[PDB]
Number of protein chains: 2
Amino acid sequence: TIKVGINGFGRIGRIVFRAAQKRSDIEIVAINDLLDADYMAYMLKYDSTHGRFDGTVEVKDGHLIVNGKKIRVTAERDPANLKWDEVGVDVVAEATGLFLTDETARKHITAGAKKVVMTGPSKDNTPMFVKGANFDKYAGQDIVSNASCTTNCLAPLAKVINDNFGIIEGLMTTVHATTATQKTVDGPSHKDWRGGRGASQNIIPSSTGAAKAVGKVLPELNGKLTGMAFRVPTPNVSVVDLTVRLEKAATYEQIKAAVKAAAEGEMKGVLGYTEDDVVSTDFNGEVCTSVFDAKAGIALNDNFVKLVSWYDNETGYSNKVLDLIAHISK
Amino acid sequence: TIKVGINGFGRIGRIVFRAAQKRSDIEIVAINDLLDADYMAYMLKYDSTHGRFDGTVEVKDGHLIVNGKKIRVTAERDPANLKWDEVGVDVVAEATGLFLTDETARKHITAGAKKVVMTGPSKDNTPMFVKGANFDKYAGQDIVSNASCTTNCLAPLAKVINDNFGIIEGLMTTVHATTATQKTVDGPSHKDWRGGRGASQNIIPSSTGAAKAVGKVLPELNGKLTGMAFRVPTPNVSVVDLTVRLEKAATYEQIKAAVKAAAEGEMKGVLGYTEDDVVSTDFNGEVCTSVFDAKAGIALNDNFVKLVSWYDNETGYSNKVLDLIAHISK
Ligand SMILES: *[C@@H](O)[C@H](O)COP(=O)(O)O
Ligand SMILES: *[C@@H](O)[C@H](O)COP(=O)(O)O
């Protein structure tokens, strides 16, 4: 079993942990964040979006004890001092979002850890990997990125489409749920003015970390597609609205069959396919990082079409993070 | 002064009323709906979305008295006998969403009125007009349709883009604010299953008139444009996301200037232009039916671009309905 230390107990860190309990090839042994087991335990037992924790939580002498296993609670401001080797961690889930560079991220290895998987897109040229898109392209690296929730949604869908009909070009839009980096009411957001406005009252045009981030994970589509985001007042689960020009002509029924096929074989678990009259809440807790909404998309003609695909920016992403850990760990 | 009577005191009927108060060419003289002057006055005095009515509203003698002028309230489940001529109404603002056909709408002329403006996409062949797109094409028709709010936002923008660069093909998406037609919690919606789900908890894939309803008002784009909608948890103000491929290459600066020009010239008051860091609430009360969002849009290449335009689905459309009344009136 793989030992993993989580740096950052924010939204991602807490769900990465939850999703993990259900596994076997992985085990969280340490959690580091500027919070005490006491409070840290509380943010685990209660969740406004996903419900109460499924197991047991106890704080025994400065440390966590979930479902029996004892977790090591720390609070280091500087990674280097994490003394990860002590608790003996194989790979680190870097989820504080502060160390997205190799320079900074390496401080984990130095601290006794073998490899580090950033739970967000890298700020430098550190490799990025998205399950179902380029996982099989992993080259032993000891520091990697799992991109962003949107790229994880857009990448797989864009792949099967390109692979089957060839994408001449395409533009996207993701109707994004509210994240923690937004404000409850009109407040300060210097580098992002729009994103400072009341999150619950507005539709806020944003930018997305999946624009051409997909152009990196899937080089074949580099420079062939960008996008944006429209942050709306929901707590979780977003959706990508992809408009593409196809090389080989294809009927909508043809596109449906192509993704459904992928969702059932090659990309099973990553890509999903549905024909039901679904809405955002129906994907709360969804493990697939991209669930095709057959009935939603529209084709103008055989070479111009709009495809829709859901994703739980929390549950899907976090699950594939553990998947990336288990991969580089292979 | 044109004498107008409103049939249906819903969201539209009420905002149309408020807007008209500012005018000098039009006057509301009667209002029909299954509500009394009491309840009817109350819904005019207070509005969760637009604030308290600015002016005097008193219900003396079973009839409204707004800012002095006495309005005649009624309640006729059947328009056939509204006795419109007693009050001397020229044009009827058909805003019940009930009689969207010639026959049904005709009952308004049969009842004493001269012309009738349907405040919604017509179900039969009644011609639809959208200010800024084809108001010029009016041929005296006694019964007309002002299309829907999303068409009023899309039509103008599409025209200036088509006109200047020529739209080969295009697909849209409108992130729509909640409407009275939706349910507060998961409920019954026989014809629209997705639309019955909790309005405030979901991003709900939908369908939209504007789609090819634009192919009608704007004949040249017939079959070249279609789209959808995503109903989000906001009270008012939506936004169209138009992805089009141009015949004539155009840099984004060129598209900015063409739109800004239209807004400052031939389409002043219909098409609006902005370069600020705006969000939805910034357009609550907005009178233009299509405000271009410069910074939000994005160009992939000189022939494939995504354009963004805002609109107050209530205020904008309502104002133009009156603009249409005055048109066929002249
Ligand atoms: C998921 O990683 C975040 O909540 C949203 O970021 P994107 O760049 O839009 O995917
Ligand atoms: C404005 O007429 C309505 O609130 C929305 O209808 P659409 O068909 O989306 O324009």
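About the cut-offs
Residues numbered from 1 in each chain as written, not as in the entry; some residues may be left out. Chains lettered and ligands numbered in written order. Heavy atoms only, no water. Near = heavy atom within 4 Å. Polar contact = N/O pair within 3.5 Å; in protein donor to acceptor, adjacent residues only side chain to side chain. Areas by Shrake-Rupley, 256 points an atom, 1.4 Å probe, with all protein chains shown as cover. Nonpolar A, V, L, I, M, F, W, Y, C, P; charged D, E, K, R; others polar. UniProt positions renumbered as here; feature names shortened; annotations may be inferred. Helix = DSSP H or I, 4+ residues; strand = E, 2+ residues; numbered from the N terminus. Contact = heavy atoms within 4.5 Å. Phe/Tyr/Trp six-rings, centres within 6.5 Å; stacked < 30°, edge-to-face > 60°. Buried < 20%, exposed > 50% of the residue type's maximum accessible area, 1.4 Å probe, protein only. Core = buried A, V, L, I, M, F, W, Y, C linked by side-chain atoms within 4.5 Å. Domains from an automatic or database assignment. Axes fitted to C-alpha atoms, helices over the stretch in contact; angles between N-to-C directions. Parallel < 35°, antiparallel > 145°, perpendicular 65-115°, else oblique. Left-handed = near helix turned anticlockwise from the far one by under 90°. Pairing = 2+ DSSP bridges.

**Section: the site of ligand 1**
All names here are of chain A. The environment of ligand 1 is made up of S148, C149, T150, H176, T179, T208, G209 and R231. Residue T150 places a side-chain N or O atom 2.5 Å away from an oxygen atom belonging to ligand 1. The side chain of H176 places a nitrogen or oxygen atom 3.2 Å from an oxygen atom of ligand 1. Considered on its own, ligand 1 offers 310 Å² of accessible surface; in the complex 80% of this is hidden by protein. Looking at side-chain class alone, the shell around ligand 1 contains one nonpolar, six polar and one charged residues.

**Some points on the UniProt feature "active site" in chain A**
Residues and elements named next belong to chain A. In the UniProt entry, the feature "active site" is given for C149. Relative to the elements of secondary structure, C149 occurs in helix α6 (residues 149–165). Those residues in contact with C149, other than ones at most four positions away along the chain, are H176, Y311, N313 and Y317.

**Focus on the packing of aromatic side chains**
Applying the stated rule across the entire model yields 14 aromatic pairs over all chains. For the ring pair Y273 of chain B and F292 of chain B, a centre distance of 6.0 Å and an interplane angle of 15° mean the geometry is stacked. Of this pair, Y273 of chain B sits in strand β13 (residues 271–274) while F292 of chain B sits in strand β14 (residues 290–293), placing them 19 residues apart in sequence. Residues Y273 of chain B and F292 of chain B agree in their burial class; the two are buried. Among the aromatic residues, those joined into a cluster by ring pairs are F9, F17 and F53 of chain A.

**Remarks on the site of ligand 2**
Residue and element names in this part refer to chain B. Taken together, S148, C149, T150, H176, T179, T208, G209, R231 and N313 make up the full set of residues near ligand 2. Contacts to ligand 2 include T150, whose side-chain N or O atom sits 2.6 Å from an oxygen atom. A distance of 2.9 Å is found between an oxygen atom of ligand 2 and a side-chain nitrogen or oxygen belonging to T208. Summarising the interface, the protein chains cover 79% of the accessible area of ligand 2, which totals 310 Å² for the free molecule. When grouped by side-chain class, the residues that make up the shell around ligand 2 number one nonpolar, seven polar and one charged.

**Concerning the nonpolar core**
Within the largest apolar cluster, 76 residues are counted, with the highest numbers of intra-cluster contacts made by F17, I31, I161, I255 and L307 of chain B. Tallying contributions element by element places helix α5 (residues 149–165) of chain B first for this core, with nine residues. Counting the residues that make up this core, at least three belong to each of domain 1 (1–147 + 314–323) and domain 2 (148–313) of chain B. Excluding anything up to four places from it in sequence, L307 of chain B contacts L157, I161, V240, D241, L242, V244, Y252, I255, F292 and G297 of chain B. Judged by nonpolar contacts, the second largest core, of 75 residues, contains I161, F165, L246 and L324 of chain A.

**Quick notes on the packing of helix α1 (residues 11–21) of chain A against helix α9 (residues 315–328) of chain A**
Residues and elements named next belong to chain A. Put simply, α1 and α9 touch, their axes get as near as 8 Å, and they point 65° apart. By the angle class used here, α1 and α9 are roughly perpendicular. The handedness of the crossing between α1 and α9 comes out as right-handed. Here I12, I15, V16, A19 and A20 of α1 lie close against α9, whose contacting residues are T315, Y317, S318, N319, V321 and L322.

**Notes on unusual backbone geometry**
All names here are of chain A. The residue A147 is not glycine, and still its phi comes out positive at about 60°. Inspection of the secondary structure puts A147 in the loop between β8 (143–145) and α6. Look at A147 and you get buried, because its relative accessible area is 1%.

**Topic: the pairing of strand β6 (residues 91–94) of chain A**
Residues and elements named next belong to chain A. Burial along β6 is two-sided: the residues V91 and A93 and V92 and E94 are all buried. Where strand β1 (residues 2–7) meets β6, four bridges bridge the pair, whose relative direction is parallel. Bridge pairing in β6 links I6 to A93. As paired strands, β6 and strand β7 (residues 115–118) are joined by four bridges and run parallel to one another. The residue bridging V92 from the neighbouring strand is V116, located in β7.

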